[PDB]
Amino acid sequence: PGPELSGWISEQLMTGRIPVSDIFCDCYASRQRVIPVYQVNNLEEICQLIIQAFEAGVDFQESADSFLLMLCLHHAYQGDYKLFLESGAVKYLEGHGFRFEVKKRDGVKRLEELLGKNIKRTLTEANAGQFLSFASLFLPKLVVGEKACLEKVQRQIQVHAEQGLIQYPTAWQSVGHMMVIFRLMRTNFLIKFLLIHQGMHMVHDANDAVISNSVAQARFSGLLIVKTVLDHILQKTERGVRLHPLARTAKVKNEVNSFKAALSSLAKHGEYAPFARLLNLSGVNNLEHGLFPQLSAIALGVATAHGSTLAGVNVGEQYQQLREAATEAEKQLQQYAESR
């Protein structure tokens, strides 16, 4: 402790970079992302308050990770902080740049005690499992959009209620509550990862069965167009599978080199690759189908020759000739194979 001798804080206050009211309030001013792990005796009691705050539509901002972690720790780790801080999920998050700081706090009655003063100013039929499994339903269509995502959430709720697997409070099924979850899911890496890691790595609990089904349905979400383009530029032969000969022409070289580079970066994520758009994993932005119009035209060309379309592939006027050349090449390939 002591005086702020670097002159950094005073420089920031004087130039408008740190608000004056952050230090002079009627309070404190603050590589790795530090997550406070709140160690309590009344975990189930705290979890019910967290759920209640989400139902009321509270935006925890920087505090969201801390409370969402408490819900995961309660449901998936029974309240065992040691089992959790040792888990492969924490090992991944530690490597990903997260730092878990345990904070021992007992006799907590309000969420305000654990805690941006708007959060403390603003301060259930369901459990921690239901909150998490309800959030998991957003994973298959989260990257597409709200409409598509909320329609996928709605159909899946009906499927799980009909199968007799799970039921959620009716108040959660409002567009308003669904939106709150959508916004939370869009911004929060921790919850999305925790859900994926669980759905990925688990061998009865109705919520866990919902989480697993959601994670399987979310495989390659936001990567399905580029995946189908890859399928249609790969050519299965008697010698094995090769790149389509049109992808090997001079005009396509620079594009096929970028594709190869972006595909290598995705492949480095291994078992996580199928969730790279969901988790915004390194290099995923380089693997967008719109970046490869020639490969998309070859792919659509090959599909057209078999009387199929490729959903999401829009071939512009500039790439129409390559698409037509690919349809013809495919028609010819089938002819020289039918005679054999």
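From 1 onward, residues are counted along the sequence shown.
Extent of unmodelled deposited sequence, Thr124 relative to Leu123 | Per the deposited record, the segment joining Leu123 and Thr124 lacks coordinates for 4 to 9 residues.
Which has the higher mean CA temperature factor in the PDB entry, 62-70 or 292-300?
-> Result: 62-70.
Is the mean CA B factor in the deposited entry higher across 103-111 or across 244-252?
-> Comparing averages over the C-alpha atoms only gives 103-111.
Which one of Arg239, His269, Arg183, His197 shows the biggest C-alpha B-factor in the PDB entry?
-> Most elevated C-alpha B-factor of the set, per the entry: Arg239.
Which is it among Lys192, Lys141, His177, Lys117: the one with the largest CA B-factor in the entry?
-> Within the set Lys192, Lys141, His177, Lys117, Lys117 shows the top C-alpha B-factor.
Would you please rank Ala262 by its C-alpha temperature factor against the other modelled residues of its chain and give the third it falls in: lowest, middle or highest?
-> Lowest third, going by the recorded CA B-factors of the chain.
Third of the chain's Cα B-factor distribution that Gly79 belongs to, per the entry | Its C-alpha B-factor belongs to the highest third of this chain's values.
Is the Cα B-factor recorded for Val203 in the lowest, middle or highest third of its chain?
-> Top third by C-alpha B-factor.
If you rank the chain by CA B-factor, which third does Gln163 end up in: lowest, middle or highest?
-> Answer is highest: the recorded C-alpha B-factor places it there.
Would you mind ranking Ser282 by its C-alpha B-factor against the rest of the chain and naming the third, lowest, middle or highest?
-> Middle third, going by the recorded CA B-factors of the chain.
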